[PDB]
Amino acid sequence: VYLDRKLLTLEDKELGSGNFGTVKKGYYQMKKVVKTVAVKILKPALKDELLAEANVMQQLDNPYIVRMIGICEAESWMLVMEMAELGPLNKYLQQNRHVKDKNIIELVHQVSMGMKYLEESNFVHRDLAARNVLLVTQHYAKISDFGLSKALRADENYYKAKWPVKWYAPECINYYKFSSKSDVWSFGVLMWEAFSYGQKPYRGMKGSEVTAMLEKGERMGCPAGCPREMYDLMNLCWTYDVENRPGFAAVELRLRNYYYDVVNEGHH
Ligand SMILES: Cc1ccc(NC(=O)c2ccc(CN3CCN(C)CC3)cc2)cc1Nc1nccc(-c2cccnc2)n1
């Protein structure tokens, strides 16, 4: 886990900023190769949050989840991760409107593979949104940002708790219950965002109006140009009943098969 500050070189320019601190690009000297890294650098509770985040990432190993290199206590506490050069998915798609539907399916399918793994691992992400999907290439997505994530108890399939309300399942709001199934609800919002080239969901609406809309069985409409199959999958993820909502094994299989259909169409 613990890295040597002398082997880490940080760039002056920042990639992002917020209340927690900053994200910077850097280099870490590995056993032989040098490795480009993204480094979350902290501004009592905050240290514990970062260390909890590191504890979760330590336990994960999947091609579609961002890898932690380790942590370092220097000028500030730092979390050192592999770099995804193209950055957050929503910003990428906003800037690259030529990205084709097939390519979007490919990316969201990769996210569903990472989330099928996270579900198998019994961790709940709790912040699954397009902003937290990072692109290694235009054809390779990874899930990031495990700051709100929780390891489920051996005897329960949910964690009982601001909140990113527009990505939250109704039971998260009504009962404070977070499960892989609530992450599936968030994944439906993520799909919507991706097929909307990074537009924010529920435009112009307050969180409380989104909760009212949802309780009435109402849902965002189909993004321009979005395949009906993918919109149907968003609706499936937005199943109000937790038991009937698909888990990620079912979601991933639907996407996998549709992606194969589109790959076939392309060959034709
Ligand atoms: C290549 C790149 C370009 C930009 C960013 N940006 C960010 O990490 C970031 C951080 C905070 C915010 C918060 N925020 C303020 C600005 N606005 C309006 C959006 C919300 C947004 C983006 C990351 C990367 N790459 C990258 N690669 C690997 C890992 C990470 C990474 C980022 C954050 C947490 N954990 C891992 N990040």
Side-chain angles (χ1 to χ4, degrees), residues 60-66 84 86 88-90 92-93 96 98-145 166-169 179-198 201 219-228 230-242 244-253 255-264 266-268:
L60 305 176
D61 173 38
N62 182 261
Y64 308 107
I65 291 176
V66 167
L86 277 58
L89 178 63
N90 63 330
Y92 191 81
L93 291 166
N96 291 278
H98 61 280
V99 172
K100 296 285 180 257
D101 47 14
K102 173 165 85 163
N103 196 165
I104 299 181
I105 295 161
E106 181 187 24
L107 299 168
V108 298
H109 174 231
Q110 289 168 352
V111 175
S112 77
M113 295 185 282
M115 286 309 298
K116 181 173 173 182
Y117 169 79
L118 196 72
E119 178 181 75
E120 281 163 359
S121 302
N122 285 135
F123 282 89
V124 179
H125 186 281
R126 291 182 75 236
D127 200 11
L128 189 57
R131 68 181 166 272
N132 290 331
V133 177
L134 302 178
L135 294 187
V136 174
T137 67
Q138 190 195 317
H139 300 287
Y140 184 12
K142 286 171 183 256
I143 298 151
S144 72
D145 205 333
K166 281 167 174 184
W167 286 260
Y168 276 9
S179 65
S180 294
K181 291 305 188 77
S182 55
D183 280 343
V184 166
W185 181 291
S186 192
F187 181 75
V189 185
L190 190 158
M191 291 180 66
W192 185 93
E193 288 183 276
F195 287 97
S196 301
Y197 293 83
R219 304 291 189 262
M220 289 187 290
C222 182
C226 176
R228 176 63 30 169
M230 300 289 94
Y231 181 59
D232 291 347
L233 181 61
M234 297 174 200
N235 272 302
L236 188 57
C237 286
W238 309 322
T239 298
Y240 192 100
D241 185 288
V242 174
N244 297 325
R245 189 184 306 152
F248 280 108
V251 170
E252 184 277 330
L253 182 63
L255 263 163
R256 186 198 312 175
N257 289 336
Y258 188 63
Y259 179 62
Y260 299 160
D261 290 349
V262 170
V263 167
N264 198 14
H267 292 313
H268 278 264

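We count residues from 1, following the sequence as given. All values below were derived from every heavy atom in this structure, side-chain atoms included, with hydrogens, water molecules and symmetry-related copies excluded.
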With side chains defined as the heavy atoms from C-beta onward, is the minimum distance between [X] and [Y] less than 4.5 Å?
X: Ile143; Y: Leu118; value: no
X: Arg126; Y: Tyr168; value: yes
X: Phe195; Y: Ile105; value: yes
X: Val111; Y: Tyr64; value: no
X: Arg245; Y: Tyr240; value: no
X: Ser196; Y: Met220; value: no
X: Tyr258; Y: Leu255; value: no
X: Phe187; Y: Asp183; value: no

What residues, two or more places apart in sequence or in another chain, satisfy side-chain hydrogen bond (donor to acceptor under 3.5 Å, both in side chains) together with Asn132?
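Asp127.
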
Backbone N or O of [Y] within a donor-acceptor pair of the [X] side chain at under 3.5 Å?
X: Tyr117; Y: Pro63; value: no
X: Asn264; Y: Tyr260; value: no
X: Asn244; Y: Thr239; value: no
X: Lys181; Y: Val242; value: yes
X: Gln110; Y: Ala141; value: yes

Any idea which heavy atoms bring [X] and [Y] closest together, and the distance?
X: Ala194; Y: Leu89; answer: CB-CD2, 4.4 Å
X: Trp167; Y: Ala129; answer: NE1-CB, 3.3 Å
X: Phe248; Y: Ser180; answer: CE1-O, 3.6 Å
X: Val251; Y: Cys237; answer: CG2-SG, 4.2 Å
X: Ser112; Y: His109; answer: OG-O, 2.7 Å

Can you sort out the partners of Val66 under side-chain contact (heavy atoms from CB on, under 4.5 Å), two or more places apart, ordered by chain and number?
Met57, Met81, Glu82, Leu134, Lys142, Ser144

For side-chain contact (heavy atoms from CB on, under 4.5 Å), just list the numbers for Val189 and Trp238, CA-CA rounded to whole Å, side-chain angles, deciding distance to a tenth of an Å, and then say yes or no.
CA-CA 8 Å; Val189 185; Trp238 309 322; 3.5 Å; yes

Evaluation steps, side-chain contact (heavy atoms from CB on, under 4.5 Å), between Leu236 and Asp232
CA-CA 6 Å; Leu236 188 57; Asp232 291 347; over 6 Å; no

In short, salt bridge (charged side-chain N to carboxylate O under 4.0 Å, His left out) pairs touching residues 104-123 with sequence neighbours left out are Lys116-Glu252

What do you reckon, is CG of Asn235 surrounded by more than 12 foreign heavy atoms closer than 6.0 Å?
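Atom CG in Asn235 is packed in, count exceeds 12.
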
Distance from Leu93 atom CG to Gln138 atom CD, nearest 0.5 Å?
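If we round to the nearest 0.5 Å, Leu93:CG and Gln138:CD are 9.0 Å apart.
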
